Amino acid sequence: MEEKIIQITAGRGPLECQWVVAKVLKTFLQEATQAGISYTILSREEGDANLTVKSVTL
RNA sequence: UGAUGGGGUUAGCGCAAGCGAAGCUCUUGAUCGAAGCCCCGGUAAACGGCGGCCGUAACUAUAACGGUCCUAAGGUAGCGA
Ligand SMILES: [Mg+2]
Ligand SMILES: [Mg+2]
Ligand SMILES: [Mg+2]
Ligand SMILES: [Mg+2]
């Protein structure tokens, strides 16, 4: 068994990048569920609007 | 309560194994037989009991929601380390 830590970030990117971090996160979890890798969130970095995330650590 | 049935006895009859009248007596328990119980409803300010699992919301989180399993019904208001 392996445990790892990864971060998905918008860097210095604009709000669109801040938003795609969220969409990519949702897809990433919707794949981790089928892969059987349990996922937990350590630091969700909410973005500059609704529904945005600057970065999230899994 | 005592119907039938099966015995025990013996007057008689039998070469004689045996049959057995009536009476008496032993046993059997047909029929009758109410409550109760089973049965059918009521009743919890009667004694009492008052559920599981799983998923689910433009972001993560939670589940308003949904699926099926069971129950007699799944803890209402209110309160809650
Ligand atoms: Mg999602
Ligand atoms: Mg009632
Ligand atoms: Mg309540
Ligand atoms: Mg305390």
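Just so it is clear: chains get the letters A, B, ... in the order the sequence lines come, proteins before strands, and each one is counted from 1. Only heavy atoms go into these numbers, but all of them, side chains included; no hydrogens, no water, no symmetry mates.
- Straight-line distance from the CD atom of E45(A) to the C1' atom of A61(B): 16 Å, rounded to whole Å.
- Distance check, rounded to the nearest 0.5 Å: CD of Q7(A) to CG of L42(A) gives 10.0 Å.
- Under a hydrophobic clustering in which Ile, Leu, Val, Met, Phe, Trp and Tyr are joined whenever their side-chain heavy atoms come within less than 4.5 Å, directly or via other members, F28(A) and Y39(A) fall into the same cluster.
- Distance noted for atom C1' between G2(B) and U31(B): 9 Å (whole Å).
- With a cut-off of 3.5 Å on both Watson-Crick or G-U wobble distances, the partner of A21(B) is given as none.
- The CG atom of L58(A) sits 9 Å away from the P atom of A61(B) (whole-angstrom rounding).
- The closest side-chain heavy-atom distance from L58(A) to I41(A) is below 4.5 Å.
- Using a cut-off of 5.5 angstrom for ring-centre distance and 30 degrees for interplanar angle, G66(B) is classed as stacked on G67(B).
- Consecutive bases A58(B) and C59(B) are counted as unstacked, their six-membered rings not meeting the limits of centres under 5.5 Å apart and planes tilted under 30°.
- Nucleotides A30(B) and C38(B), compared at atom P, are 27 Å apart to the nearest Å.
- Taking atom CG of residue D48(A) and atom P of nucleotide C59(B), one finds them 18 Å apart after rounding to whole Å.
- The nearest whole Å value for the distance from the CZ atom in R44(A) to the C1' atom in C59(B) is 5 Å.
- The partner of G33(B) is absent, by the rule that a Watson-Crick or G-U pair needs both atom distances under 3.5 Å.
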Acceptor/donor pairs from residues 31-38 of chain A side chains to any protein atom, 3.5 angstrom cut, sequence neighbours excluded:
from   : atom 1 : to     : atom 2 : distance (Å)
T33(A) : OG1    : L29(A) : O      : 3.4
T33(A) : OG1    : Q30(A) : O      : 3.2
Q34(A) : NE2    : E31(A) : O      : 3.0

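- Taking atom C1' on both nucleotides, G66(B) is separated from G42(B) by 39 Å, rounded to a whole Å.
- The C1'-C2'-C3'-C4' torsion of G7(B) is positive, so its sugar falls on the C3'-endo, or north, side.
- Rounded to the nearest Å, the gap between the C1' atom of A46(B) and that of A77(B) is 24 Å.
- When all heavy atoms of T9(A) and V21(A) are compared, the pair lying nearest together is C-CG2, 3.6 Å.
- Because its glycosidic torsion is within 90° of 0, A58(B) is reported here as syn.
- Pairing partner, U71(B): none, since no Watson-Crick or wobble contact has both distances short of 3.5 Å.
- For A45(B), the sugar pucker falls south, since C1'-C2'-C3'-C4' comes out negative.
- Proximity of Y39(A) to the phosphate of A61(B): a side-chain N or O atom is located under 4.0 Å from OP1 or OP2.
- To the nearest whole angstrom, the two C1' atoms, one in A35(B) and one in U25(B), are 38 Å apart.
- Annotation: side-chain hydrogen bond (donor to acceptor under 3.5 Å, both in side chains) contacts involving residues 45-58 of chain A, sequence neighbours excluded, comprise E45(A)-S55(A).
- The same atom, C1', is picked in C53(B) and in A61(B); the two are 22 Å apart, to the nearest Å.
- Pairing check for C13(B) against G18(B): the Watson-Crick or wobble criterion is satisfied, both distances under 3.5 Å.
- Nucleotide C59(B) holds its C1' atom 13 Å from the CD atom of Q18(A), rounded to whole Å.
- Sugar pucker at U27(B): north, on the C3'-endo side, as the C1'-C2'-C3'-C4' dihedral is above zero.
- What separates CD of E46(A) from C1' of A58(B) is a distance of 14 Å, to the nearest Å.
- The separation of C32(B) from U9(B), taken at their P atoms, amounts to 36 Å, rounded to a whole angstrom.
- Nucleotides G29(B) and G7(B) have their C1' atoms positioned 16 Å apart, rounded to a whole Å.
- Judged by the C1'-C2'-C3'-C4' torsion, which is negative here, the sugar of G74(B) sits on the south, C2'-endo side.
- Partner assigned to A45(B) is none, using Watson-Crick or G-U wobble distances below 3.5 angstrom.
- Nucleotide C59(B) holds its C1' atom 9 Å from the CG atom of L29(A), rounded to whole Å.
- A positive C1'-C2'-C3'-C4' angle places the sugar of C65(B) in the north (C3'-endo) family.
- In this structure, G52(B) is classed as anti because its glycosidic torsion departs from zero by more than 90°.
- Here the P atom of nucleotide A57(B) and the CD atom of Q30(A) are 8 Å apart, to the nearest Å.
- Adjacent nucleotides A34(B) and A35(B) meet the stacking criterion of ring centres closer than 5.5 angstrom and planes inclined by less than 30 degrees.
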